[PDB]
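Enquirer: My structure is in entry.cif, and what it holds is mmCIF, C-alpha atoms and all ligand atoms:
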```cif
data_final
loop_
_atom_site.label_atom_id
_atom_site.label_comp_id
_atom_site.auth_asym_id
_atom_site.auth_seq_id
_atom_site.Cartn_x
_atom_site.Cartn_y
_atom_site.Cartn_z
CA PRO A 1 82.66 110.75 85.55
CA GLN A 2 81.58 108.14 88.10
CA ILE A 3 77.88 108.22 88.91
CA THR A 4 76.72 106.44 92.07
CA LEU A 5 73.21 104.97 92.28
CA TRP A 6 72.02 106.25 95.69
CA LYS A 7 69.51 108.45 93.79
CA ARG A 8 68.21 108.53 90.19
CA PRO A 9 71.07 109.05 87.69
CA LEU A 10 69.66 112.21 86.06
CA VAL A 11 71.73 114.27 83.60
CA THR A 12 71.09 117.36 81.45
CA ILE A 13 70.94 116.55 77.73
CA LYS A 14 70.80 118.79 74.65
CA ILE A 15 68.42 117.60 71.94
CA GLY A 16 66.70 119.37 69.04
CA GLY A 17 67.95 122.72 70.34
CA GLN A 18 66.36 122.04 73.73
CA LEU A 19 67.71 121.30 77.20
CA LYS A 20 66.08 118.35 78.93
CA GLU A 21 66.69 116.33 82.10
CA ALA A 22 66.97 112.60 81.40
CA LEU A 23 67.66 109.37 83.27
CA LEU A 24 70.69 107.22 82.37
CA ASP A 25 68.85 103.93 81.96
CA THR A 26 70.65 100.62 81.37
CA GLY A 27 67.33 98.74 81.22
CA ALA A 28 66.23 100.72 78.13
CA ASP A 29 67.26 99.41 74.69
CA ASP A 30 66.50 102.82 73.17
CA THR A 31 66.24 106.50 74.13
CA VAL A 32 62.71 107.83 74.73
CA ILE A 33 61.87 111.50 75.21
CA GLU A 34 58.57 113.24 76.09
CA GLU A 35 56.70 115.02 73.27
CA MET A 36 58.92 117.35 71.27
CA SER A 37 59.67 118.23 67.66
CA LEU A 38 62.52 116.60 65.76
CA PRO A 39 63.63 117.07 62.13
CA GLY A 40 63.36 114.43 59.40
CA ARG A 41 61.44 111.25 58.76
CA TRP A 42 59.91 109.07 61.48
CA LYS A 43 58.18 105.68 61.74
CA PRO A 44 55.64 104.53 64.37
CA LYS A 45 56.86 102.02 66.95
CA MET A 46 55.57 100.20 70.03
CA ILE A 47 57.82 99.90 73.07
CA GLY A 48 57.17 97.81 76.17
CA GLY A 49 57.96 98.76 79.75
CA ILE A 50 56.98 97.75 83.28
CA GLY A 51 53.37 98.79 82.58
CA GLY A 52 52.96 97.40 79.06
CA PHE A 53 53.36 99.17 75.72
CA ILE A 54 53.28 102.80 74.48
CA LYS A 55 53.21 104.05 70.86
CA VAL A 56 56.18 106.28 69.93
CA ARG A 57 57.63 108.07 66.88
CA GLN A 58 61.04 106.74 65.86
CA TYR A 59 63.55 109.33 64.63
CA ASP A 60 66.90 108.18 63.27
CA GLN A 61 70.30 109.92 63.12
CA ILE A 62 69.53 112.49 65.84
CA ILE A 63 72.45 114.36 67.45
CA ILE A 64 72.41 114.53 71.26
CA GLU A 65 74.88 116.08 73.67
CA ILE A 66 75.19 114.46 77.08
CA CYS A 67 77.79 115.56 79.67
CA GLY A 68 79.88 117.17 76.90
CA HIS A 69 79.79 113.98 74.84
CA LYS A 70 78.10 114.43 71.46
CA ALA A 71 76.50 111.25 70.12
CA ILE A 72 74.22 110.29 67.23
CA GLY A 73 71.43 107.75 67.30
CA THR A 74 67.77 106.85 67.14
CA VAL A 75 65.46 108.84 69.46
CA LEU A 76 61.91 107.73 70.24
CA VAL A 77 59.37 110.46 71.05
CA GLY A 78 56.17 109.68 72.93
CA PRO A 79 54.20 109.61 76.21
CA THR A 80 57.05 108.37 78.46
CA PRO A 81 56.72 109.28 82.17
CA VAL A 82 60.44 110.13 82.30
CA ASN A 83 63.03 111.12 79.67
CA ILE A 84 65.32 108.08 79.36
CA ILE A 85 68.74 107.78 77.73
CA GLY A 86 68.94 104.14 76.65
CA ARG A 87 71.77 101.78 75.68
CA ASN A 88 71.79 102.86 72.02
CA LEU A 89 73.22 106.23 73.19
CA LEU A 90 74.95 105.10 76.41
CA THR A 91 77.42 102.97 74.38
CA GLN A 92 78.40 105.98 72.25
CA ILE A 93 79.50 108.03 75.25
CA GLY A 94 81.40 105.00 76.53
CA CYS A 95 79.10 104.44 79.49
CA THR A 96 79.63 101.19 81.45
CA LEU A 97 78.42 99.49 84.64
CA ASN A 98 81.19 98.74 87.15
CA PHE A 99 81.34 96.82 90.42
CA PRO B 1 83.42 93.35 86.46
CA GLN B 2 83.03 96.06 83.79
CA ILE B 3 79.87 95.60 81.75
CA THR B 4 79.44 97.34 78.43
CA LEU B 5 76.01 98.20 77.07
CA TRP B 6 76.24 96.92 73.48
CA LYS B 7 73.90 94.11 74.60
CA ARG B 8 71.37 93.97 77.48
CA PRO B 9 73.25 93.88 80.81
CA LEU B 10 71.79 90.50 81.73
CA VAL B 11 73.33 88.64 84.64
CA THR B 12 72.71 85.49 86.62
CA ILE B 13 71.16 85.97 90.06
CA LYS B 14 70.46 83.44 92.78
CA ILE B 15 67.30 83.68 94.83
CA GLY B 16 65.60 80.89 96.82
CA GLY B 17 68.42 78.47 95.96
CA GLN B 18 67.64 78.88 92.25
CA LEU B 19 69.44 80.50 89.34
CA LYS B 20 67.64 83.17 87.26
CA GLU B 21 68.46 85.75 84.59
CA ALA B 22 68.01 89.44 85.50
CA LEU B 23 68.64 92.83 83.89
CA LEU B 24 70.88 95.37 85.67
CA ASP B 25 68.62 98.37 85.47
CA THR B 26 69.76 101.83 86.57
CA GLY B 27 66.36 103.25 85.64
CA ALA B 28 64.64 101.10 88.28
CA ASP B 29 64.42 102.31 91.90
CA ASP B 30 63.50 98.81 93.06
CA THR B 31 64.15 95.17 92.22
CA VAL B 32 61.26 93.26 90.60
CA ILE B 33 61.15 89.55 89.77
CA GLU B 34 58.62 87.28 88.01
CA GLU B 35 56.13 85.20 90.03
CA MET B 36 57.93 82.93 92.52
CA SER B 37 57.75 81.77 96.13
CA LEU B 38 59.47 83.84 98.82
CA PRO B 39 59.29 83.43 102.60
CA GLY B 40 57.60 85.71 105.10
CA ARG B 41 54.87 88.31 104.92
CA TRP B 42 54.48 90.75 102.06
CA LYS B 43 52.97 94.19 101.70
CA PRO B 44 51.42 95.93 98.71
CA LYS B 45 53.38 98.11 96.29
CA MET B 46 52.60 99.89 93.04
CA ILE B 47 55.43 100.52 90.59
CA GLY B 48 55.33 102.73 87.52
CA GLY B 49 57.15 102.65 84.21
CA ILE B 50 56.63 103.08 80.48
CA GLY B 51 53.13 101.81 79.78
CA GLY B 52 51.80 102.43 83.30
CA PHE B 53 51.60 100.79 86.72
CA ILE B 54 51.59 97.23 88.04
CA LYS B 55 50.72 95.89 91.50
CA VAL B 56 53.50 93.86 93.12
CA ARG B 57 54.20 92.05 96.40
CA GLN B 58 57.00 93.54 98.50
CA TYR B 59 59.26 91.15 100.43
CA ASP B 60 61.88 92.61 102.76
CA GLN B 61 65.30 91.34 103.86
CA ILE B 62 65.55 88.68 101.14
CA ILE B 63 68.89 86.95 100.51
CA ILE B 64 69.92 87.42 96.87
CA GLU B 65 73.12 86.93 94.90
CA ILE B 66 73.81 89.07 91.83
CA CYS B 67 76.69 88.02 89.59
CA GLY B 68 78.15 86.25 92.67
CA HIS B 69 77.84 89.34 94.89
CA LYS B 70 75.79 88.73 98.04
CA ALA B 71 72.97 91.17 98.87
CA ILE B 72 70.09 91.17 101.38
CA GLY B 73 67.21 93.49 100.65
CA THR B 74 63.82 94.27 99.25
CA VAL B 75 62.57 92.20 96.36
CA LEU B 76 59.28 92.85 94.60
CA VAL B 77 57.35 90.01 92.99
CA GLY B 78 54.81 90.41 90.24
CA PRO B 79 53.94 90.62 86.54
CA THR B 80 57.13 92.26 85.32
CA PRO B 81 58.06 91.65 81.64
CA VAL B 82 61.67 90.89 82.73
CA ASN B 83 63.47 90.26 86.03
CA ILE B 84 65.03 93.60 87.01
CA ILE B 85 67.78 94.44 89.52
CA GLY B 86 67.22 98.08 90.54
CA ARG B 87 69.16 100.71 92.44
CA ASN B 88 68.25 99.33 95.89
CA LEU B 89 70.48 96.28 95.20
CA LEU B 90 72.88 97.86 92.64
CA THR B 91 74.09 100.13 95.48
CA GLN B 92 74.50 97.03 97.72
CA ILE B 93 76.84 95.39 95.22
CA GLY B 94 78.76 98.68 94.80
CA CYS B 95 77.63 99.26 91.21
CA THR B 96 78.30 102.58 89.48
CA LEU B 97 77.92 104.10 86.01
CA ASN B 98 81.25 105.21 84.54
CA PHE B 99 82.22 107.11 81.37
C1 LIG A 101 62.60 105.57 84.53
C2 LIG A 101 61.43 104.61 84.44
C3 LIG A 101 60.34 105.04 85.42
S1 LIG A 101 60.81 104.56 82.80
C4 LIG A 101 61.83 103.28 82.17
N1 LIG A 101 62.35 102.56 83.33
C5 LIG A 101 63.10 101.45 83.31
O1 LIG A 101 63.45 100.88 84.33
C6 LIG A 101 63.55 100.92 81.97
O2 LIG A 101 64.90 100.46 82.09
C7 LIG A 101 62.65 99.82 81.40
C8 LIG A 101 63.09 98.41 81.80
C9 LIG A 101 62.11 97.39 81.27
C10 LIG A 101 62.42 96.68 80.11
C11 LIG A 101 61.52 95.74 79.60
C12 LIG A 101 60.31 95.52 80.26
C13 LIG A 101 60.00 96.22 81.42
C14 LIG A 101 60.90 97.16 81.92
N2 LIG A 101 62.64 99.94 79.95
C15 LIG A 101 61.62 100.52 79.31
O3 LIG A 101 60.72 101.10 79.87
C16 LIG A 101 61.59 100.42 77.80
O4 LIG A 101 62.83 99.94 77.27
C17 LIG A 101 62.82 99.40 76.01
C18 LIG A 101 62.73 100.21 74.89
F1 LIG A 101 62.66 101.55 75.01
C19 LIG A 101 62.72 99.65 73.61
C20 LIG A 101 62.80 98.27 73.46
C21 LIG A 101 62.88 97.45 74.59
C22 LIG A 101 62.89 98.02 75.86
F2 LIG A 101 62.98 97.22 76.94
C23 LIG A 101 61.97 103.18 84.62
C24 LIG A 101 61.01 102.33 85.42
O5 LIG A 101 60.07 101.77 84.87
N3 LIG A 101 61.29 102.25 86.72
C25 LIG A 101 60.30 101.86 87.70
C26 LIG A 101 60.60 100.53 88.27
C27 LIG A 101 61.04 99.41 87.59
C28 LIG A 101 61.25 98.27 88.34
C29 LIG A 101 61.04 98.25 89.72
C30 LIG A 101 60.59 99.38 90.40
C31 LIG A 101 60.37 100.51 89.63
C32 LIG A 101 59.91 101.84 90.13
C33 LIG A 101 60.28 102.74 88.96
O6 LIG A 101 61.59 103.26 89.21
#
```
Could the structure of this file be written out as structure tokens, please?
Ligand SMILES: CC1(C)SCN(C(=O)[C@@H](O)[C@H](Cc2ccccc2)NC(=O)COc2c(F)cccc2F)[C@@H]1C(=O)N[C@H]1c2ccccc2C[C@H]1O
Expert:
Amino acid sequence: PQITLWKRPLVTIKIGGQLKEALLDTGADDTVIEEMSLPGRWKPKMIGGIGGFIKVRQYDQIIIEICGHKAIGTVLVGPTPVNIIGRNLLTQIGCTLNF
Amino acid sequence: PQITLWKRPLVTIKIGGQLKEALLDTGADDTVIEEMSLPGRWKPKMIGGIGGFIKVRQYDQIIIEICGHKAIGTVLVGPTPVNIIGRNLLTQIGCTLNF
């Protein structure tokens, strides 16, 4: 698809058996999702945004489905104001910026 | 151009006759740049991200070039961790997400 940027580029994702709305975010190195449960081992991590840093849980090898495209990658879980699909997963679905 | 997301989508911008590096950021509503001098009067603006909120100065109708594409619009100035080009100017340069 082609997604214009007149409003927030929000999509519906499937993750950990749950449906969530998330923002396609080219400024985010990684994917960060509001508090939820994910299977497997995790490591603490600090990520920095416009307002400074938040502490998150890093989960690796997590399957996500986004606009019919299934991808696998690292998902960070923590107190993010907005669910954000970052570059680590955007690449996998073949997402690019074009102008 | 087509810009893949394997690395940060960093581009050269020109603002106030000077060259700077900025991130093309679809998760940002607005464009925010590090401390610098811009002409005219400014008004107050709060912007929120991961980590919280920062106070910025809002300048309107500012000439700015992004990867050679000429735009004129709102530029925020303040303590941002990186220079960010947001949707307000991405739409001006005809930028879309494609996959
Ligand atoms: C969807 C959000 C609200 S949350 C993430 N986000 C964004 O715009 C995100 O792309 C940011 C961009 C950014 C990178 C580095 C420093 C500072 C900011 N990224 C982040 O918040 C975190 O990204 C990571 C990461 F997860 C891991 C490692 C490194 C990173 F940079 C949105 C936002 O803050 N946007 C606000 C914004 C930003 C600039 C100008 C105006 C405004 C208003 C809001 O729209």
Enquirer: Figure out the distance between CA of residue 65 in chain B and CA of residue 98 in chain B, please, to one decimal in Å.
Expert: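 About the pair CA of residue 98 in chain B and CA of residue 65 in chain B: they are 22.5 Å apart.
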Enquirer: So that I can check the surroundings of range 71-85 of chain B, please list as a list in words every protein, DNA and RNA residue that reaches within 7 Å of it, counting all atoms listed in the file and ignoring chain neighbours fewer than 3 positions away.
Expert: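 Here the qualifying residues turn out to be residues 50 of chain A; 21, 22, 23, 24, 25, 31, 32, 33, 34, 35, 55, 56, 57, 58, 59, 60, 61, 62, 63, 64, 65, 89, 90, 92 and 93 of chain B.
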Enquirer: Once you count all atoms listed in the file, which residues of chain A turn out to be within 9 Å of chain B? Could you give them as number ranges by chain?
Expert: A: 1-9, 23-29, 47-54, 79-82, 84, 87-88, 90-91, 93-99
Enquirer: Given identical sequences, can you show me chain A least-squares superposed on chain B via all its Cα atoms in order, as a PDB file with C-alpha atoms, in the coordinates of the input?
Expert:
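What landed in selection-v4.pdb:
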```pdb
ATOM      1  CA  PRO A   1      83.734  93.509  86.271  1.00  0.00           C
ATOM      2  CA  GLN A   2      83.126  96.112  83.563  1.00  0.00           C
ATOM      3  CA  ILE A   3      79.892  95.617  81.653  1.00  0.00           C
ATOM      4  CA  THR A   4      79.507  97.426  78.324  1.00  0.00           C
ATOM      5  CA  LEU A   5      76.056  98.453  77.073  1.00  0.00           C
ATOM      6  CA  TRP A   6      76.141  97.243  73.438  1.00  0.00           C
ATOM      7  CA  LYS A   7      73.503  94.634  74.432  1.00  0.00           C
ATOM      8  CA  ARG A   8      71.200  94.174  77.455  1.00  0.00           C
ATOM      9  CA  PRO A   9      73.214  93.867  80.703  1.00  0.00           C
ATOM     10  CA  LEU A  10      71.828  90.462  81.760  1.00  0.00           C
ATOM     11  CA  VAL A  11      73.321  88.533  84.698  1.00  0.00           C
ATOM     12  CA  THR A  12      72.495  85.263  86.487  1.00  0.00           C
ATOM     13  CA  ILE A  13      71.118  85.821  89.995  1.00  0.00           C
ATOM     14  CA  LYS A  14      70.364  83.399  92.840  1.00  0.00           C
ATOM     15  CA  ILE A  15      67.136  84.115  94.709  1.00  0.00           C
ATOM     16  CA  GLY A  16      64.882  81.971  96.905  1.00  0.00           C
ATOM     17  CA  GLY A  17      66.916  78.889  95.988  1.00  0.00           C
ATOM     18  CA  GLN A  18      66.347  79.568  92.287  1.00  0.00           C
ATOM     19  CA  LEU A  19      68.566  80.680  89.416  1.00  0.00           C
ATOM     20  CA  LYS A  20      67.144  83.502  87.325  1.00  0.00           C
ATOM     21  CA  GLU A  21      68.399  85.770  84.535  1.00  0.00           C
ATOM     22  CA  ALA A  22      67.937  89.457  85.359  1.00  0.00           C
ATOM     23  CA  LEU A  23      68.707  92.855  83.854  1.00  0.00           C
ATOM     24  CA  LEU A  24      70.996  95.310  85.683  1.00  0.00           C
ATOM     25  CA  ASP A  25      68.682  98.312  85.570  1.00  0.00           C
ATOM     26  CA  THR A  26      69.745 101.780  86.748  1.00  0.00           C
ATOM     27  CA  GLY A  27      66.309 103.216  85.906  1.00  0.00           C
ATOM     28  CA  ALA A  28      64.611 100.930  88.469  1.00  0.00           C
ATOM     29  CA  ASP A  29      64.362 102.148  92.083  1.00  0.00           C
ATOM     30  CA  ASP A  30      63.657  98.584  93.231  1.00  0.00           C
ATOM     31  CA  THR A  31      64.210  94.966  92.167  1.00  0.00           C
ATOM     32  CA  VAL A  32      61.245  93.242  90.485  1.00  0.00           C
ATOM     33  CA  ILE A  33      61.104  89.531  89.700  1.00  0.00           C
ATOM     34  CA  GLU A  34      58.498  87.447  87.815  1.00  0.00           C
ATOM     35  CA  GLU A  35      56.127  85.279  89.888  1.00  0.00           C
ATOM     36  CA  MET A  36      57.939  83.130  92.429  1.00  0.00           C
ATOM     37  CA  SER A  37      57.677  82.134  96.077  1.00  0.00           C
ATOM     38  CA  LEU A  38      59.566  83.991  98.793  1.00  0.00           C
ATOM     39  CA  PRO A  39      59.581  83.446 102.578  1.00  0.00           C
ATOM     40  CA  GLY A  40      58.137  85.861 105.143  1.00  0.00           C
ATOM     41  CA  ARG A  41      55.694  88.730 105.222  1.00  0.00           C
ATOM     42  CA  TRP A  42      54.772  90.861 102.206  1.00  0.00           C
ATOM     43  CA  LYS A  43      52.751  94.017 101.491  1.00  0.00           C
ATOM     44  CA  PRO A  44      50.991  94.996  98.230  1.00  0.00           C
ATOM     45  CA  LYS A  45      52.575  97.790  96.199  1.00  0.00           C
ATOM     46  CA  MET A  46      52.037  99.617  92.907  1.00  0.00           C
ATOM     47  CA  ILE A  47      55.037 100.380  90.712  1.00  0.00           C
ATOM     48  CA  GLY A  48      55.072 102.556  87.603  1.00  0.00           C
ATOM     49  CA  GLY A  49      57.029 101.931  84.422  1.00  0.00           C
ATOM     50  CA  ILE A  50      57.032 103.021  80.782  1.00  0.00           C
ATOM     51  CA  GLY A  51      53.559 101.496  80.318  1.00  0.00           C
ATOM     52  CA  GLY A  52      51.917 102.608  83.567  1.00  0.00           C
ATOM     53  CA  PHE A  53      51.530 100.704  86.833  1.00  0.00           C
ATOM     54  CA  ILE A  54      51.581  97.024  87.919  1.00  0.00           C
ATOM     55  CA  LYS A  55      50.593  95.558  91.318  1.00  0.00           C
ATOM     56  CA  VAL A  56      53.421  93.667  93.073  1.00  0.00           C
ATOM     57  CA  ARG A  57      54.115  91.892  96.386  1.00  0.00           C
ATOM     58  CA  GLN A  58      56.839  93.575  98.431  1.00  0.00           C
ATOM     59  CA  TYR A  59      59.193  91.251 100.323  1.00  0.00           C
ATOM     60  CA  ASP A  60      61.783  92.728 102.669  1.00  0.00           C
ATOM     61  CA  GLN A  61      65.185  91.423 103.825  1.00  0.00           C
ATOM     62  CA  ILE A  62      65.635  88.946 100.951  1.00  0.00           C
ATOM     63  CA  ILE A  63      69.134  87.558 100.282  1.00  0.00           C
ATOM     64  CA  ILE A  64      70.270  87.615  96.641  1.00  0.00           C
ATOM     65  CA  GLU A  65      73.542  86.536  95.079  1.00  0.00           C
ATOM     66  CA  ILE A  66      74.641  88.385  91.961  1.00  0.00           C
ATOM     67  CA  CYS A  67      78.028  87.779  90.275  1.00  0.00           C
ATOM     68  CA  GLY A  68      79.385  86.280  93.523  1.00  0.00           C
ATOM     69  CA  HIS A  69      78.237  89.303  95.516  1.00  0.00           C
ATOM     70  CA  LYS A  70      75.684  88.440  98.203  1.00  0.00           C
ATOM     71  CA  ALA A  71      73.331  91.307  99.046  1.00  0.00           C
ATOM     72  CA  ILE A  72      70.175  91.797 101.113  1.00  0.00           C
ATOM     73  CA  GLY A  73      67.214  93.966 100.237  1.00  0.00           C
ATOM     74  CA  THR A  74      63.589  94.388  99.281  1.00  0.00           C
ATOM     75  CA  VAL A  75      62.386  92.268  96.325  1.00  0.00           C
ATOM     76  CA  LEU A  76      59.120  92.969  94.513  1.00  0.00           C
ATOM     77  CA  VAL A  77      57.346  89.996  92.909  1.00  0.00           C
ATOM     78  CA  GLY A  78      54.788  90.480  90.151  1.00  0.00           C
ATOM     79  CA  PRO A  79      53.911  90.501  86.426  1.00  0.00           C
ATOM     80  CA  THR A  80      57.108  92.222  85.186  1.00  0.00           C
ATOM     81  CA  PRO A  81      58.043  91.504  81.537  1.00  0.00           C
ATOM     82  CA  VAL A  82      61.708  91.137  82.541  1.00  0.00           C
ATOM     83  CA  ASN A  83      63.493  90.323  85.821  1.00  0.00           C
ATOM     84  CA  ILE A  84      65.140  93.602  86.878  1.00  0.00           C
ATOM     85  CA  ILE A  85      67.832  94.230  89.487  1.00  0.00           C
ATOM     86  CA  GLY A  86      67.192  97.794  90.645  1.00  0.00           C
ATOM     87  CA  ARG A  87      69.242 100.428  92.483  1.00  0.00           C
ATOM     88  CA  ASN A  88      68.305  99.139  95.951  1.00  0.00           C
ATOM     89  CA  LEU A  89      70.472  96.052  95.213  1.00  0.00           C
ATOM     90  CA  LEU A  90      72.921  97.583  92.703  1.00  0.00           C
ATOM     91  CA  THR A  91      74.343  99.880  95.435  1.00  0.00           C
ATOM     92  CA  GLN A  92      75.039  96.893  97.705  1.00  0.00           C
ATOM     93  CA  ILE A  93      77.266  95.183  95.150  1.00  0.00           C
ATOM     94  CA  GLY A  94      79.027  98.499  94.575  1.00  0.00           C
ATOM     95  CA  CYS A  95      77.675  98.944  91.062  1.00  0.00           C
ATOM     96  CA  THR A  96      78.318 102.347  89.423  1.00  0.00           C
ATOM     97  CA  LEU A  97      77.906 104.072  86.048  1.00  0.00           C
ATOM     98  CA  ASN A  98      81.174 105.314  84.526  1.00  0.00           C
ATOM     99  CA  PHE A  99      82.038 107.432  81.498  1.00  0.00           C
TER     100      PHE A  99
END
```
Enquirer: Please indicate the distance in Å from atom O5 of ligand LIG 101 (chain A) to CA of residue 37 in chain B, rounded to one decimal place.
Expert: 23.1 Å
Enquirer: Which one of B:17, B:40, B:11, B:46 sits closest to ligand LIG 101 (chain A) if you count all atoms listed in the file?
Expert: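 Looking at the shortest contact to ligand LIG 101 (chain A), the residue is B:46.
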Enquirer: As an exercise, work out the distance from CA of residue 39 in chain B to atom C8 of ligand LIG 101 (chain A) in Å and give it to one decimal place.
Expert: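 These two atoms are separated by 25.9 Å.
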